[PDB]
Amino acid sequence: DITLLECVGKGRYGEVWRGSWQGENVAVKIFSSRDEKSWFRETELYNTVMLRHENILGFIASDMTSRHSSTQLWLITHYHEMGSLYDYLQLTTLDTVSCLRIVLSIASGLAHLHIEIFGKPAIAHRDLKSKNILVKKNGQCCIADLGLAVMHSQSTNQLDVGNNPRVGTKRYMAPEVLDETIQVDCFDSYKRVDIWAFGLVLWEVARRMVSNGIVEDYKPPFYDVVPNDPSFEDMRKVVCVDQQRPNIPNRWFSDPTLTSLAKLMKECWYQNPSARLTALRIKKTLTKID
Amino acid sequence: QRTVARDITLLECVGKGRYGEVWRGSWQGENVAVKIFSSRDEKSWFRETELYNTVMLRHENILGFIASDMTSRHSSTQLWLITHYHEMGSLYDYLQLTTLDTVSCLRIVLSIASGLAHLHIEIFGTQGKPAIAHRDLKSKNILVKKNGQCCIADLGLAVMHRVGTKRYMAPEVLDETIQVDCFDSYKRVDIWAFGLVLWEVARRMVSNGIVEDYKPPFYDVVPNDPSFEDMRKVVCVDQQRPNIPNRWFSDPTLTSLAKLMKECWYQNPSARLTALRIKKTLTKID
Ligand SMILES: COc1cc(-c2cncc(-c3ccc(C4CCN(C)CC4)cc3)c2C)cc(OC)c1OC
Ligand SMILES: COc1cc(-c2cncc(-c3ccc(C4CCN(C)CC4)cc3)c2C)cc(OC)c1OC
Ligand SMILES: COc1cc(-c2cncc(-c3ccc(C4CCN(C)CC4)cc3)c2C)cc(OC)c1OC
Ligand SMILES: COc1cc(-c2cncc(-c3ccc(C4CCN(C)CC4)cc3)c2C)cc(OC)c1OC
C-alpha cells in the first residue's frame, strides 16, 4: 500500500510525490509517457543487486501498470526530505568540512558507478547535474536518475548503450556531446562525459563554500554566457566555439581547499576527453584534501 | 490523497516450472494471474515488459496485461508479471480431459489464428503497433476462456519489427538455415507451430463417434524432452509430419483442417500460409 501525500516536483520528466509506505516516507516518480524509455532503462539498472551504495539513490520498486489504452510508469525510491543539491545550495553556505563531505560523497557514488564489480557492470550516468543529486541528513549525497545510463562488462566485452533518444541536460553537456563528435561505441567516452559534468557540479558547490568571509551566490554553470533556458546550440556556441569554462573566483586562491578544488575541476574540463581525470582519481584526490 | 493499493493476495499456485511459478491472485475485485520469474528466466520478464512499454497490446485473443512489477529484496530482485486470470487454464490442460464438437473446435482454432494475426500485423499511426512474432507458440502458451475462445500467452521470447520449445521448432530453426535478419522468418516459425497446435486440437474433435486421445506433436517419433538432434532428424532429415488419421477424411471440417495444417508445414518457409490467410480459410469452414 502507498499513499501519495504531496507533489515535490513536476516537469517534462513527469512528477515526483512524497508518499507513505509501511509508515515510512518514500518518493514516487510517475514518468511522462514521452519518457517511457527512461523508465525502462532505470528499471534495467536497478535490477542489479550490487548497484546498491550509500551514494546512489536507493530503489524500492518499479511498476508498469495498464488498463485499456492507459499506461502508468512508476519508480519508488527512498525519500530525501532535504531535496536536491541544486535546491540545497540556494539556501545554505558551506564550511570546508561540509563542502568536502558533499563532493567526496558524489565522487564516491560516481566511482562506484564507473568501476565494474565481478556483480555490477561499469555504468556511465550521462545526466549528472545538481538536480540529480540528493542531500542526505548525514551530509553526504546520493546520485539519482539512471534513465540515460550506459553499461559495459570488460569480462565479456559487452557495451549496452540502450535505446533511449533522450539526451543529457544541455547546460552540463561536454564539448564532444555538443559538437556530436563523441565516439558512441566507446564506453570510456561516456565516463569522460560524466567527468565533465562532475567538474561543473564541483564548481557549483565550491562557489557556496565560505573563505575569508566571502562566498559567491548560487549560479548554474554558464549562467553568465547563455540565455535563460539555453538551447543545444546556445551551449555548443559557448563550450565548443567560444571555448568557455566556468570562471574561478580569484578569492578561491587565498584558500588551500578551494585552490585544490579549482585545480581538480580544471582537470575535468579538458577539451581532449582522454586528458580528463578518472572518477577514482577524483575520489582519491578529495580523500587527501583538507 | 491517492491510495495506491498494490497488495496482491497470492491464493494458490496454478503452475511451477523452470520459468518460476504462476499464482491465482486477488487484487480488490479482480482475480489476477501472477507470474513470479525464476532467476533462470529474468530475460523473459524484461522482454515482455519492454514490448508492453513499446505497445500496449489489447486484443480478445492475447492474454490481457495488467502490470510488470520489480521489487527490491535484501539479496535479490523479485520480478512479477500480472495478467488477466483464465480459470479454465491452458489449452494443453483442457484437451487432456475434454473432447470437442465442430463448433467448439473451430471457435478455438479461429480465436488462436485471430490472436496470432494480431501479433503479426504492423498497424500504422497512433493506436498502431509494430509487427510481433511470438517464437514459443504451443498449447501450454494458450489459455481457454469461458466464452469458448482462447488467448495467446507468454511474450518472453517475442520479437518486434531462451530458444523456443524444441518439440515445436520449425525445420529452418533445427537445421540453422533460418534467415535471422528477415522478420518474416519469425512469422513463418510461428505458422509452423500453429499448424502443430491445430493438429493437437483437431485430434480431440469427435466425428462419427471417434476421437483421438490427446498427444503432443511427434509423440510417436521422439522421446519426452526430445533433444535438438532428435527433432532435427525427424523434421529436417526424414521430413516427417504429424499423422492425419483416416477418420478425419469422413468429416468435412477435419478434411479442411488437415489441408490447412499441411499448408503450415511446408519445408520451404515462404510456401507456408500467413495467419491472415489461415483466418480467411477458417471462416469459410462450416
Ligand atoms: C492496472 O490495472 C488496473 C488499474 C485500475 C485503475 C485504478 N485506478 C485508476 C485508474 C485510472 C483512472 C483514470 C485514468 C485516465 C482517465 C482519462 N484520462 C484523464 C487519463 C487518466 C487512468 C487510470 C485505473 C485504470 C483498475 C483496474 O481494474 C478495475 C485494473 O485492473 C486490474
Ligand atoms: C532526481 O531524481 C529523483 C529524485 C527523487 C527525490 C527523492 N527524494 C526527494 C526528492 C525531493 C523532495 C523535496 C524537494 C523539495 C526541494 C525544494 N523545493 C522548493 C520543494 C521540493 C526536492 C526533491 C526527490 C525529487 C526521486 C526520484 O524517483 C523516485 C528521482 O528519480 C530517479
Ligand atoms: C505502482 O504499482 C501498482 C499500482 C496499481 C494501481 C493501484 N491503484 C491505482 C492505480 C492508478 C492507476 C492510474 C492512475 C492515473 C489516474 C489519472 N491520471 C491523470 C494519471 C494516473 C492512478 C492510479 C494503480 C496503477 C496496481 C498494481 O497492481 C495491480 C500495482 O502494482 C503492480
Ligand atoms: C502460459 O503462461 C501464463 C499463464 C497464466 C495463467 C493465466 N490465467 C490462468 C492460469 C491458470 C489458472 C488455473 C489453472 C488450473 C488450476 C485448477 N485446475 C486443476 C486446472 C486449472 C491453470 C492455469 C494461468 C497459468 C499467466 C501468465 O502470466 C501471469 C502466464 O505467463 C505469461
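Just so you know, these numbers use all the heavy atoms, side chains as well, and skip hydrogens, waters and symmetry mates. Every chain is numbered from 1 and lettered A, B, ... according to where its sequence line falls, protein lines coming before strand lines.
- A distance of 6.5 Å separates CG in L4(A) from CD in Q1(B), rounded to the nearest 0.5 Å.
- Closest heavy-atom contact between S76(B) and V49(A): CA-CG2, 3.6 Å.
- At most 12 heavy atoms of other shown residues, nucleotides or ligands fall within 6.0 angstrom of atom NZ in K140(B).
- Within the 4.5 Å cutoff, the side chain of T49(B) has heavy atoms near those of the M64(A) side chain.
- One distance of note links OG of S66(A) with CG of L57(B); it measures 10.0 Å at 0.5 Å rounding.
- Of all heavy-atom pairs between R58(B) and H68(A), the closest is NE-O, 2.8 Å.
- Between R6(B) and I76(A) the shortest side-chain heavy-atom distance falls below 4.5 Å.
- Here the CG-NZ distance, from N53(B) to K37(A), works out to 9.0 Å after rounding to the nearest 0.5 Å.
- For the atom pair CH2 of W74(A) and CG of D69(B), the computed distance is 12.0 Å after rounding to the nearest 0.5 Å.
- With a 4.5 angstrom heavy-atom cutoff, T71(A) touches chain B only via side-chain atoms.
- Within a 6.0 Å radius of CZ in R277(B), other residues, nucleotides and ligands contribute 12 heavy atoms or fewer.
- Using a 4.5 Å cut-off on side-chain heavy atoms (C-beta onward), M56(B) and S69(A) make no contact.
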